[PDB]
Amino acid sequence: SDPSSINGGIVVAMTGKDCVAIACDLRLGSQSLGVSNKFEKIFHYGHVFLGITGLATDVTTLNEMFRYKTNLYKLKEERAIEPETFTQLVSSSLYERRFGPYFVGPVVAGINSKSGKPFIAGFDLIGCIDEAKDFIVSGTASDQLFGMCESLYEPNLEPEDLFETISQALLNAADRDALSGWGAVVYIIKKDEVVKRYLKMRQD
Amino acid sequence: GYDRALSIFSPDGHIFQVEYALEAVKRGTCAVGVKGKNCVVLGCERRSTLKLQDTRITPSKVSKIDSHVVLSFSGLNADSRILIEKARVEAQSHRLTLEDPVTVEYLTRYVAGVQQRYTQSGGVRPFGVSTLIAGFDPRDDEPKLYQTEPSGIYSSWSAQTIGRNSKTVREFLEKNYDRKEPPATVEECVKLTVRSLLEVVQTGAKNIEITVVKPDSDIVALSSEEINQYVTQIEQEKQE
Amino acid sequence: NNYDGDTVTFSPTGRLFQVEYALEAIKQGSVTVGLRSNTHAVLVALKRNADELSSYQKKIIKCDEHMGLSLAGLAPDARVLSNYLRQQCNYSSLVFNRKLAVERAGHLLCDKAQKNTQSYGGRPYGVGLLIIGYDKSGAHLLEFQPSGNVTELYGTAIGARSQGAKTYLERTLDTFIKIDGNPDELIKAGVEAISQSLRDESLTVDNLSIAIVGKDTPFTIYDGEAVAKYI
Amino acid sequence: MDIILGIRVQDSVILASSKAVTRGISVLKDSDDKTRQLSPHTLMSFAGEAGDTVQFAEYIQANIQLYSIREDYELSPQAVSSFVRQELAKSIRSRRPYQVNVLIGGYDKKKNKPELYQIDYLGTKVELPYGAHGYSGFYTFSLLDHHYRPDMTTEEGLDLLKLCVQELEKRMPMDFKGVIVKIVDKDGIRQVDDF
Amino acid sequence: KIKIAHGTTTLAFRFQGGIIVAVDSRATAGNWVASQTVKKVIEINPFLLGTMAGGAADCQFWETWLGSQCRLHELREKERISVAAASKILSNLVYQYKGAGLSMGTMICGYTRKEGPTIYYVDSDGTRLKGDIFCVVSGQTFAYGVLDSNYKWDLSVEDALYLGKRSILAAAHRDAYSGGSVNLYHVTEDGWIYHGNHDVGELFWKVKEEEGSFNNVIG
Amino acid sequence: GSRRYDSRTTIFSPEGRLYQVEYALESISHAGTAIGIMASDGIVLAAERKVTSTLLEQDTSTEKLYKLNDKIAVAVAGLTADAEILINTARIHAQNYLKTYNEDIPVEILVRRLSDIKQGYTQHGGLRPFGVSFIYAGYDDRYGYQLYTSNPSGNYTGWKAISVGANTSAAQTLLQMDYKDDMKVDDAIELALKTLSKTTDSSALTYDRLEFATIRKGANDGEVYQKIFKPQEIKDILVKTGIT
Amino acid sequence: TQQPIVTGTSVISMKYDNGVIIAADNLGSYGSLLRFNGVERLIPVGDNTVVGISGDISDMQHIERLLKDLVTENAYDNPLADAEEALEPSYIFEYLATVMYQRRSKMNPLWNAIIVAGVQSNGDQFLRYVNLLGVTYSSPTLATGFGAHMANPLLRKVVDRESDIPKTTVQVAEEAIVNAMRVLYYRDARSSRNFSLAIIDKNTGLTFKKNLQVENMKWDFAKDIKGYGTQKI
Amino acid sequence: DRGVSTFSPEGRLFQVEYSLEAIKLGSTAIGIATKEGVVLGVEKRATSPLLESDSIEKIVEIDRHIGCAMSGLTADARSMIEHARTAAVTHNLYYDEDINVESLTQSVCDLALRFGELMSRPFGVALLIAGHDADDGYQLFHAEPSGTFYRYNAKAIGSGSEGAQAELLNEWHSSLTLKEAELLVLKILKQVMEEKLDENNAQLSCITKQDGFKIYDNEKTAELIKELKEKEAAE
Amino acid sequence: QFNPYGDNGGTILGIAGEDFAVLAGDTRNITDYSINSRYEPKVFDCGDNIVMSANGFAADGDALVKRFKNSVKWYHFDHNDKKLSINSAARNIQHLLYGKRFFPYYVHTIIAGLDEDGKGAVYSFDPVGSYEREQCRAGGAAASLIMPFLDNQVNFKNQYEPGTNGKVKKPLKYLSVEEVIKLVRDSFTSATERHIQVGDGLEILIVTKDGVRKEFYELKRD
Ligand SMILES: [Mg+2]
Ligand SMILES: [Mg+2]
């Protein structure tokens, strides 16, 4: 009945030293029934990464919508959109559906190509921006992720240390949520290399 | 909106914009339709003023409206696309509501209806296009060939031609096409269609396009070499 | 000349040529006479045939039980204006339980015709109308011009050679106004009036169209052998 | 409620669809075909709200057939599934949303690969080796999760489907009055003669 | 309710000799019997018959309209409209109105040489179904034929008429809202033929005496 | 009323020609020459900027070659402002198609759409047509490398090599003479520049008067790369081909 | 759809031999609060019609303006506005009845019960009712709200049928109306002692009486009533 | 230029008068009304021998009781026929009866003047509307682009009209049989047609109360043409 | 909330004879337990030898009758003063009613007249325009009290020939206008006794080839 918890799933993003990490589970369900274990919730438009939790049809629609808008942006601006600018575009796009909103919890992660500054942001379903220094959490296990991140997180983690922290935050949060899990992906993002890792986890 | 009456009557009871549309058709490359006993053939002229043309991708002169009906035209190429699009949409709309593909006559009557509308609607000019619409009615083996013109009149033809030098190829068809015995085979029908274009075309090279439509959605466009064999055989019989 | 291309253009002498050309269509139209007493109002119309095989074009239209008109000019324009009167008469009855006053019907026709003379794209009505009616102030005859000018009269005539009938009525004024409670004699005066506008042709049984409305007489049209009595 | 199952084997896609049309306690048909051919190598099965299922299926068929004629080309199953998903995704925030669940089984002639797309009434799309809509989903998933091999032949895939239908007939309260089975491969779409 | 609704006794079946259409003639507002003489078969045209189940007005108005749309089709295309086409005009119309509260469960019956004898069941839900047999008994639509499901394809026109008449009698007796009379129609390629009005009161006693059935009832 | 002032931009001449289309084509004949050449292994777009100045910022300047998406580019001949209106519409059509079908728009479908818009302005609305001719250079996985042109009439055609703008008669004769079917991109680059160098109304062909672009499968493996040449890169290819 | 806020209670009326009488109290109630006492609910239209309105007072003030506009409109290009083409009661009623039924048919009614009392051109008595539903009916006696329950029974004892109308004088009619207004003051909690009375007579025209009071009231018997049953003190 | 709805100094609408010139260039259509039925005949006038003449549709059914023949810009007639058919069927739906021939004609004629700056110009086609109703029996009407319709005992429209009408003036009487009318239409068509009249370049039709509107077979018309030739050779 | 509907009570009866028709209604108008009027006519002459009654919510009834009368006026205008046949009137009223299908006229409509063969005709309509030609139809409050009686005394239902023991039905005889009016008067007298909304007066409109005439009878006023 509650659109934001029909399909389930989670996204978490963290900042480190000259790096950002964004991670998601792979589950798509119809409430109790697991349907797919290959439903990735993290997309990228150039060097800007967007995680989306919530109603899966809206996740897919918003991905297609931001691909559309960042493609036109690039053709006109003659440069890839930056995380700060994309965050405003996500906010604007969500708030234009104020009274008929997308049932989503978007998360932006990326490094500004010019300043080299790590950036993360979260949004409510109508586009209010949470621009936290430390970490952003979204989805059906957001309470569990807040718990994990608040204890596990320390600032200025090196990429390979940040990987362990975000991975352990996602895995242990997902295992305390019925509607999350069925595999997990972690993106370790540096200024000019991105590594993608699929985690081994319990499949129940 | 722009409401200006462009198609109006003159003192002599003529609509000049409709008659000037027919002049646009006269300028168009020649198109010819010939129906045999168990087929219809659409022959089209390709003006050889344009070489370095990519013939793979260049808009072909014969368009499928449905799997069983084809449309060729003489006149403004851009204008023809709007009639083709509307005809294709109407063909699927007919299948959706009647649960039967359009008859050739119905598809013709629709296209002709669109052409007529554009001769007494404000702010629009008539289509600079005449069409040959050929095919077979669903579950029917009787060949169908219709002609439309900018005014929106349409009619059925044993054989017909439109576009530049259509007067000459109509002359040919009027003495060479027997109604009591139409081209009995595909060969005979294609041969008579190629012969009719050779009166006007110039070189029998890449200047002649031939599309054969047979019953039960059997439509195929002949290649350069296949047509070239007809061109060769016609002139070798002529050297006598 | 240079000022007759549309109805929105005044001439240098302040004339509207399109309206004057519309007024010309009426003069080409077949003659129709209107006249009234204090009890009854009568329309007499000379109907025009295309040839000997054709019917005679109907000239008189009923608007309500108490009101109707005769036309001269473009018949389709009469049909539009008469339809509008039918609606206005009908609106008055349905909303107010009130028969529309003939004078108010005249004001409505004037205002409808005026709008076609002051706007671009349109054209003036190409028809003249004689409206007769019996309302709460007795018998009425109106003359409508597509300029918008509506005039209340004891009698009049419009169409080709209408001047003959109009001069006759102008002489007979004191006689026909006094024909109270005698419908047949008022029609006779109308038939004698329209006879002053005939040349070569005379009033036949399928030629003559008469309408009457009065105190205890609904608007009724007489055609065919119903007018043979008056020939 | 209705049964629509799809299994994608090595070289084809098989769709099994319940033949029963029931409104309340009334059985309206026992020979119903819940399938439309969108293109020669693409098949869509549908289950959901009465009227909406056929209206949606036929509307998609017309649009894909229109695209086929205009471009003289067959859209890839991926492209057809993306078009179908988008049309469903429009409906949810519309005045009266379509309640239609579909399976799209197509053979991609460019890639020489069979593909099965599951799309729910919200425009939720996934590409799966096997899929199902309704009550029958959970049971068949557990059975298919055990037996399914990606190198399975069409006959092996047919046997596995037949087991599913047999088990579904036993465990389901409603009578779905048997299934129609259709195979989508490189040669086109054919109805399995006997099942 | 204010609007006369019919949930019972409309039968239509396909056989060797064409289509048999059988209806009862009872109209009920609650437990009040409004009429015993209503026509539940709508004569769209001389070749097309419609059965009235659901809203009486909804069925009358839109199936009369369907006859108008069928007539236009014949003027424009100079050909008899197919049962498939006629049924889809009505089905597509009610689908536009879906959710507004139209109530209609109708069997569109016609016999054309293109299709042969054809019955389409058309619903206010937007359901359109082709079938060999359809029946409506107390707000419930069935594709089996009231009595024995098998019946016969190879059935005489006289026998097929009787089966339809006897089927309405079975429903009329058991169903409170079904009764009055049976109206019989035989649909052929050359058009439909009316097979008369039979009072269920007189029919019941005669059938019981001749068949020996309804032993439970004393007469 | 207003009728008095109406030029009637969508009427036939007595000869059955569209006045405004013919006059627009006259306008385009004075625009800088654009050349498209299609090879087996890619496409070349070469275009001449119209009599420039030394104070024009060339490296940030674009009047001729525009990107529609990652697979399709256009060369412009006519009113630049009119071209940008159409280009922005084409860019949206490409993204609409990509959103709908999750596949890059085939080249012809984009071309047909833009051509249909141009057509509309010649048949209804009473507006002037777009004073623009496009050369479309594109790649899709159906037809591979494709060259199209569209003109203010909304007519479009496919080409192996084509020129639009000024001296097309001269340009087309030179292309028709030296073009072969087995030709490669590097050869096509040379042909395009040699053609402009002979047809130019300028004294000499220099880097500051040219825009240049290549669409190559010269992208690492099974993908396509668009290259809009920088001023220095145009200067280098001019020296390499031996024109300067 | 709304709800009535400031409301007026019964309008009562009857036909007599030569014309019609109509009456209404001068109260605008705000629920159980008797908020406004100087409210006139009889609105004369010319010299031949009185419109008596009960229900929502804001809607009554709207109807008052429509009628005022009707008189203005009728006078436009009308040389007989004060003679043969003057507004008749029947015209004023049919207009209000049209408006009332249209407003209910848009589910936005004028929350009123209206009685149109007047005398026609030919001297015929006019008395017809219309309410927020567009329902209309005529009777020798008409009343709205409580008046329907308590006034009608008393007025129908004077004129029980059409044949009683010629036998009913203006003195007997007025007396019956005034008595009915006293009964309504006794038994209506949303009523007032102050009322207006209008007589429309075919001979003496429109007589409009303001600031009338219910008098000759019986209360003395109250002094003897003690307790609710057993109490004797 | 000038308004499309402009009056001439003679009080005529330019565009209406100009459309009447387009109708004069049209192929001949003839109607003859009798007490046994109304006959409608047309000259097909194929522009080429390759044109399949049976596809030339200048006689059209509106309803069972109303037929229609056209002359002029025949493409303009299609939307008029469409409106006429819709008006006939709509009236039957609303009133459970056949529509009066005059009421159908009046409905078609209401379209005529709906042009200005609605359609951009008047219709360039005249119609002969023939039919039967219970009130006024067999009727023939001439519907013009002016919005005027005359009833006719007999009428010819198109290129040969004034010649044909003069012939109809002499030949028509109130006692004509349906057979006499058929031969009379053929006779006058044959007189005003450029090409020699046969069953392929001319088409007959009739409306009777019993059988309604019927377009004649080429075989049926061929026999009437042969009957005509013999009776003209008979004196 | 605001309820746009009401019940004004009343009962109407249409009977079709061989060469005549009667449409009868009580003249009482009520809301709840109050009498609005003892004489508020409910059956109307609409012209063209057609009588009409729309019983139920009087406002909707007045609106429908008014619209139909207007429809007759415009039928004359549009179709050269052609008489509107009762079958054509019936189809026309269906379209009037079905026009408000989603906000209905809260009335039961009966029209009476002669068909085109001069035989008596009654048409009965539901609120949304479902209609049937009938020989007998009572509408309104006391319809259930009247129709069983008419079934018995008009169609002779459940009546058999004495001495046949139910083997021979009582044969149907053509009823005269005088016998039909007796049955109408007895129907309303009986309804007035047993139904609180029926009484005051009975107005009967009789339709023949000679036209429409009116008969009025008093009913009990309690
Ligand atoms: Mg978990
Ligand atoms: Mg009682």
# chains A, B, ... in the order shown; residues from 1 in each chain; ligands from 1
$ residues_near_ligand --ligand "ligand 2" --cutoff "6 Å" --atoms "only C-alpha atoms and all ligand atoms" --output "PyMOL selection string"
chain I and resi 192-193+195-199+222
$ write_last_selection --atoms "N, CA and C atoms" --output "mmCIF file, in the first residue's frame"
data_model
loop_
_atom_site.group_PDB
_atom_site.id
_atom_site.type_symbol
_atom_site.label_atom_id
_atom_site.label_comp_id
_atom_site.auth_asym_id
_atom_site.auth_seq_id
_atom_site.Cartn_x
_atom_site.Cartn_y
_atom_site.Cartn_z
ATOM 1 N N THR I 192 -56.456 5.514 -2.559
ATOM 2 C CA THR I 192 -56.695 6.667 -1.646
ATOM 3 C C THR I 192 -56.945 6.154 -0.226
ATOM 4 N N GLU I 193 -57.647 5.019 -0.110
ATOM 5 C CA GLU I 193 -57.986 4.336 1.168
ATOM 6 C C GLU I 193 -56.714 3.851 1.871
ATOM 7 N N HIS I 195 -53.191 4.314 0.730
ATOM 8 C CA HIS I 195 -51.937 5.095 0.542
ATOM 9 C C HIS I 195 -52.152 6.557 0.956
ATOM 10 N N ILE I 196 -51.301 7.039 1.869
ATOM 11 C CA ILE I 196 -51.444 8.351 2.570
ATOM 12 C C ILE I 196 -51.091 9.497 1.615
ATOM 13 N N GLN I 197 -50.315 9.217 0.562
ATOM 14 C CA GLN I 197 -49.833 10.208 -0.441
ATOM 15 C C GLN I 197 -50.871 10.402 -1.557
ATOM 16 N N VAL I 198 -51.850 9.499 -1.683
ATOM 17 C CA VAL I 198 -52.909 9.525 -2.738
ATOM 18 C C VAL I 198 -54.194 10.117 -2.144
ATOM 19 N N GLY I 199 -54.828 11.056 -2.861
ATOM 20 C CA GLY I 199 -56.126 11.648 -2.478
ATOM 21 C C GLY I 199 -56.393 12.990 -3.141
ATOM 22 N N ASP I 222 -58.280 13.186 3.339
ATOM 23 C CA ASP I 222 -57.496 12.766 4.534
ATOM 24 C C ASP I 222 -56.190 12.101 4.073
#
$ interface_residues --of "chain I" --to "chain E" --cutoff "10 Å" --atoms "only C-alpha atoms" --output "ChimeraX atom specification"
/I:91,94-95,97-98,101-102,104,106-108,125-134,136-139,143-144,147-148
$ write_last_selection --atoms "N, CA and C atoms" --output "compact mmCIF listing (two decimals), in the first residue's frame"
# COMPACT_ATOMS: atom_id res chain seq x y z
N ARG I 91 -39.46 7.65 -28.56
CA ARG I 91 -38.01 7.59 -28.87
C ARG I 91 -37.35 8.91 -28.48
N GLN I 94 -36.92 9.18 -24.72
CA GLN I 94 -35.79 8.30 -24.31
C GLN I 94 -34.49 9.12 -24.35
N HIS I 95 -34.25 9.85 -25.44
CA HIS I 95 -33.03 10.68 -25.65
C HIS I 95 -32.99 11.83 -24.64
N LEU I 97 -34.36 11.77 -21.61
CA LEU I 97 -34.09 11.09 -20.31
C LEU I 97 -32.63 10.61 -20.28
N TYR I 98 -32.18 9.89 -21.31
CA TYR I 98 -30.82 9.27 -21.34
C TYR I 98 -29.74 10.36 -21.39
N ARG I 101 -28.29 10.73 -17.98
CA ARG I 101 -28.06 9.34 -17.49
C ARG I 101 -27.23 9.35 -16.20
N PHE I 102 -26.32 10.32 -16.02
CA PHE I 102 -25.37 10.38 -14.88
C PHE I 102 -25.80 11.47 -13.88
N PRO I 104 -29.82 11.81 -13.27
CA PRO I 104 -31.14 11.56 -13.87
C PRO I 104 -32.28 12.49 -13.45
N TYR I 106 -35.54 12.35 -11.83
CA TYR I 106 -36.05 11.40 -10.81
C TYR I 106 -37.56 11.27 -10.98
N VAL I 107 -37.99 10.71 -12.12
CA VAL I 107 -39.43 10.59 -12.50
C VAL I 107 -39.66 9.25 -13.19
N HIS I 108 -40.90 8.76 -13.10
CA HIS I 108 -41.45 7.65 -13.91
C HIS I 108 -42.41 8.28 -14.92
N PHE I 125 -41.67 4.69 -19.28
CA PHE I 125 -40.22 4.99 -19.24
C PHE I 125 -39.69 4.85 -17.81
N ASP I 126 -38.48 4.31 -17.65
CA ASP I 126 -37.73 4.38 -16.38
C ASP I 126 -37.05 5.75 -16.33
N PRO I 127 -36.46 6.16 -15.19
CA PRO I 127 -35.84 7.48 -15.07
C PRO I 127 -34.73 7.81 -16.09
N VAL I 128 -34.05 6.79 -16.63
CA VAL I 128 -32.87 6.97 -17.53
C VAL I 128 -33.24 6.62 -18.98
N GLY I 129 -34.52 6.39 -19.28
CA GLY I 129 -35.04 6.42 -20.67
C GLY I 129 -35.28 5.05 -21.27
N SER I 130 -35.13 3.97 -20.49
CA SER I 130 -35.62 2.62 -20.87
C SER I 130 -37.13 2.72 -21.06
N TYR I 131 -37.67 2.25 -22.18
CA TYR I 131 -39.11 2.40 -22.50
C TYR I 131 -39.66 1.16 -23.21
N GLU I 132 -40.97 0.98 -23.09
CA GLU I 132 -41.75 -0.17 -23.61
C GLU I 132 -43.15 0.34 -23.93
N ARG I 133 -43.76 -0.16 -25.01
CA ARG I 133 -45.19 0.07 -25.31
C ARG I 133 -46.00 -0.95 -24.52
N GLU I 134 -47.03 -0.49 -23.81
CA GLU I 134 -47.82 -1.30 -22.84
C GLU I 134 -49.30 -0.96 -23.00
N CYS I 136 -51.31 -1.35 -20.18
CA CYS I 136 -51.59 -0.93 -18.78
C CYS I 136 -50.29 -0.59 -18.04
N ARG I 137 -50.22 0.60 -17.45
CA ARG I 137 -49.09 1.01 -16.58
C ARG I 137 -49.56 2.03 -15.55
N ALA I 138 -49.45 1.67 -14.27
CA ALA I 138 -49.53 2.59 -13.11
C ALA I 138 -48.11 2.98 -12.70
N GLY I 139 -47.90 4.25 -12.39
CA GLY I 139 -46.62 4.78 -11.86
C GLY I 139 -46.85 5.53 -10.56
N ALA I 143 -48.54 2.44 -7.19
CA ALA I 143 -48.42 1.60 -8.40
C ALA I 143 -48.58 0.12 -8.03
N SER I 144 -47.95 -0.32 -6.94
CA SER I 144 -47.98 -1.73 -6.47
C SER I 144 -49.40 -2.13 -6.02
N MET I 147 -51.57 -2.12 -10.00
CA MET I 147 -51.18 -3.00 -11.13
C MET I 147 -51.73 -4.42 -10.96
N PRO I 148 -51.68 -5.04 -9.76
CA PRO I 148 -52.25 -6.37 -9.57
C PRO I 148 -53.74 -6.42 -9.92
$ select_by_dssp --residues "region 83-221 of chain B" --states "alpha helix (DSSP H)" --output "PyMOL selection string"
chain B and resi 83-98+104-117+166-176+186-198
$ residues_around --residues "residue 30 (chain G)" --least-positions-apart "6" --cutoff "10 Å" --atoms "only C-alpha atoms" --output "ChimeraX atom specification"
/G:4-8,36,56,190
$ write_last_selection --atoms "N, CA and C atoms" --output "compact mmCIF listing (two decimals), in the first residue's frame"
# COMPACT_ATOMS: atom_id res chain seq x y z
N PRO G 4 -27.16 26.98 4.93
CA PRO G 4 -27.70 28.30 5.24
C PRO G 4 -27.07 28.79 6.55
N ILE G 5 -26.71 30.07 6.63
CA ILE G 5 -26.04 30.67 7.82
C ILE G 5 -27.04 31.56 8.55
N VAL G 6 -27.33 32.75 8.01
CA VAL G 6 -28.37 33.69 8.52
C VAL G 6 -29.67 33.34 7.80
N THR G 7 -30.73 33.03 8.55
CA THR G 7 -31.97 32.41 8.01
C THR G 7 -33.20 33.18 8.48
N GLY G 8 -34.21 33.22 7.61
CA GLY G 8 -35.56 33.72 7.90
C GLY G 8 -36.53 32.55 7.93
N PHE G 36 -30.54 39.25 13.95
CA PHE G 36 -30.99 40.49 13.28
C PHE G 36 -32.51 40.66 13.33
N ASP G 56 -31.91 31.16 3.61
CA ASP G 56 -30.63 31.91 3.67
C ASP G 56 -30.83 33.37 3.22
N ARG G 190 -37.72 29.99 16.05
CA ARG G 190 -36.92 30.88 15.19
C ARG G 190 -37.84 31.99 14.66
$ residues_near_ligand --ligand "ligand 1" --cutoff "7 Å" --atoms "only C-alpha atoms and all ligand atoms" --output "PyMOL selection string"
chain A and resi 174-182+204
$ atom_distance --atom1 "CA of residue 33 (chain B)" --atom2 "CA of residue 159 (chain B)"
5.5 Å
$ interface_residues --of "chain E" --to "chain H" --cutoff "8 Å" --atoms "only C-alpha atoms" --output "PyMOL selection string"
chain E and resi 64-65+68+71-72+75
$ select_by_dssp --residues "region 14-159 of chain H" --states "strand (DSSP E or B)" --output "ChimeraX atom specification"
/H:29-33,38-43,51,59-63,66-72,115,119,125-133,137-143,149-152,154-157
$ write_last_selection --atoms "C-alpha atoms" --output "PDB file, in the first residue's frame"
ATOM      1  CA  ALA H  29     -26.849  14.894 -64.151  1.00  0.00           C
ATOM      2  CA  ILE H  30     -30.654  14.614 -64.819  1.00  0.00           C
ATOM      3  CA  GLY H  31     -33.556  13.870 -62.412  1.00  0.00           C
ATOM      4  CA  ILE H  32     -37.234  13.205 -63.377  1.00  0.00           C
ATOM      5  CA  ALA H  33     -39.918  12.885 -60.613  1.00  0.00           C
ATOM      6  CA  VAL H  38     -37.932   9.481 -59.239  1.00  0.00           C
ATOM      7  CA  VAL H  39     -35.209   8.588 -61.850  1.00  0.00           C
ATOM      8  CA  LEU H  40     -31.595   9.906 -61.455  1.00  0.00           C
ATOM      9  CA  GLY H  41     -29.139   9.679 -64.418  1.00  0.00           C
ATOM     10  CA  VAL H  42     -25.505  10.904 -64.838  1.00  0.00           C
ATOM     11  CA  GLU H  43     -22.852  11.224 -67.600  1.00  0.00           C
ATOM     12  CA  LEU H  51     -10.066   4.364 -66.347  1.00  0.00           C
ATOM     13  CA  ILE H  59     -24.982   8.597 -58.022  1.00  0.00           C
ATOM     14  CA  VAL H  60     -24.930   7.863 -54.231  1.00  0.00           C
ATOM     15  CA  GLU H  61     -27.396   6.424 -51.632  1.00  0.00           C
ATOM     16  CA  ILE H  62     -28.084   8.744 -48.595  1.00  0.00           C
ATOM     17  CA  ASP H  63     -30.724   6.395 -47.034  1.00  0.00           C
ATOM     18  CA  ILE H  66     -33.219   9.095 -50.557  1.00  0.00           C
ATOM     19  CA  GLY H  67     -30.789   8.956 -53.532  1.00  0.00           C
ATOM     20  CA  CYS H  68     -28.434  11.743 -54.753  1.00  0.00           C
ATOM     21  CA  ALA H  69     -26.733  12.675 -58.104  1.00  0.00           C
ATOM     22  CA  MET H  70     -23.854  15.243 -58.293  1.00  0.00           C
ATOM     23  CA  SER H  71     -22.329  17.582 -60.964  1.00  0.00           C
ATOM     24  CA  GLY H  72     -19.171  19.778 -60.658  1.00  0.00           C
ATOM     25  CA  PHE H 115     -17.551  29.658 -45.417  1.00  0.00           C
ATOM     26  CA  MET H 119     -14.463  25.975 -44.555  1.00  0.00           C
ATOM     27  CA  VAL H 125     -20.740  20.880 -56.730  1.00  0.00           C
ATOM     28  CA  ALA H 126     -24.565  20.913 -57.204  1.00  0.00           C
ATOM     29  CA  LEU H 127     -26.714  17.950 -55.949  1.00  0.00           C
ATOM     30  CA  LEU H 128     -29.969  16.412 -57.278  1.00  0.00           C
ATOM     31  CA  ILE H 129     -31.539  14.909 -54.076  1.00  0.00           C
ATOM     32  CA  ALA H 130     -34.384  12.473 -55.019  1.00  0.00           C
ATOM     33  CA  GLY H 131     -36.496  10.544 -52.458  1.00  0.00           C
ATOM     34  CA  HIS H 132     -39.925   9.442 -51.105  1.00  0.00           C
ATOM     35  CA  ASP H 133     -41.689  10.208 -47.762  1.00  0.00           C
ATOM     36  CA  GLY H 137     -44.623  11.437 -51.824  1.00  0.00           C
ATOM     37  CA  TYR H 138     -41.921  11.321 -54.582  1.00  0.00           C
ATOM     38  CA  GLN H 139     -39.721  14.490 -54.576  1.00  0.00           C
ATOM     39  CA  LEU H 140     -36.699  15.848 -56.543  1.00  0.00           C
ATOM     40  CA  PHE H 141     -34.654  18.800 -55.105  1.00  0.00           C
ATOM     41  CA  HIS H 142     -31.738  20.852 -56.561  1.00  0.00           C
ATOM     42  CA  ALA H 143     -29.244  21.763 -53.744  1.00  0.00           C
ATOM     43  CA  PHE H 149     -32.857  24.397 -52.846  1.00  0.00           C
ATOM     44  CA  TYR H 150     -35.748  24.304 -55.390  1.00  0.00           C
ATOM     45  CA  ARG H 151     -38.168  21.344 -55.765  1.00  0.00           C
ATOM     46  CA  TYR H 152     -38.407  20.178 -59.451  1.00  0.00           C
ATOM     47  CA  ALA H 154     -37.593  17.429 -63.573  1.00  0.00           C
ATOM     48  CA  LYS H 155     -34.107  19.086 -63.479  1.00  0.00           C
ATOM     49  CA  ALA H 156     -30.756  18.906 -65.368  1.00  0.00           C
ATOM     50  CA  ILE H 157     -27.424  20.234 -63.912  1.00  0.00           C
TER      51      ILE H 157
END
$ closest_residue --among "B:79, B:174, B:142, B:23" --to "chain H" --atoms "only C-alpha atoms"
B:174
$ residues_around --residues "region 12-21 of chain D" --least-positions-apart "2" --cutoff "9 Å" --atoms "only C-alpha atoms" --output "PyMOL selection string"
chain D and resi 2-10+23+26-35+43-47+50+103-107+113-116+129+153-154+157-158+161+165+175-186
$ residues_around --residues "residue 89 (chain A)" --least-positions-apart "2" --cutoff "12 Å" --atoms "only C-alpha atoms" --output "list in words"
residues 50, 62, 65, 66, 67, 69, 70, 73, 81, 82, 83, 84, 85, 86, 87, 91, 92, 93, 94, 95, 96, 106, 108, 123, 127, 128 and 129 of chain A
